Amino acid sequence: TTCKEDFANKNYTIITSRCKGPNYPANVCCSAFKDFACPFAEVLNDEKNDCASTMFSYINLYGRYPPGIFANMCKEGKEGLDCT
């Protein structure tokens, strides 16, 4: 189910200029990721779509990020990341 939204032409600076360095500070990086992907919480959260994987692909491509930093260090509560 190819993603409804287009992630190729989005502006990833939100993340790239904040989540950085040899250390990937959890608070800074998760703030940046939320800022970028909270406006598409609806489509990402839908299991049927091909979008979340496509997004992470682009995030990790433009940032040259290590393999699972967002899944691993971004956690808030049982519900997920708040995004409001």
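Note that residue numbering begins at 1 and tracks the sequence as displayed.
> Out of 63-71 and 9-17, which one has CA B-factors that are higher on average in the deposited record?
The stretch with the larger mean CA B-factor is 9-17.
> Thinking about Cα B factors across the chain, which third does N45 belong to?
It falls in the top third of the chain.
> Looking at the C-alpha B-factor of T54, is it in the lowest, middle or highest third of its chain?
For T54, the deposited C-alpha B-factor lands in the highest third.
> Going by what the PDB entry lists, where does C38 fall on CA B-factor within its chain: lowest, middle or highest third?
Highest third.
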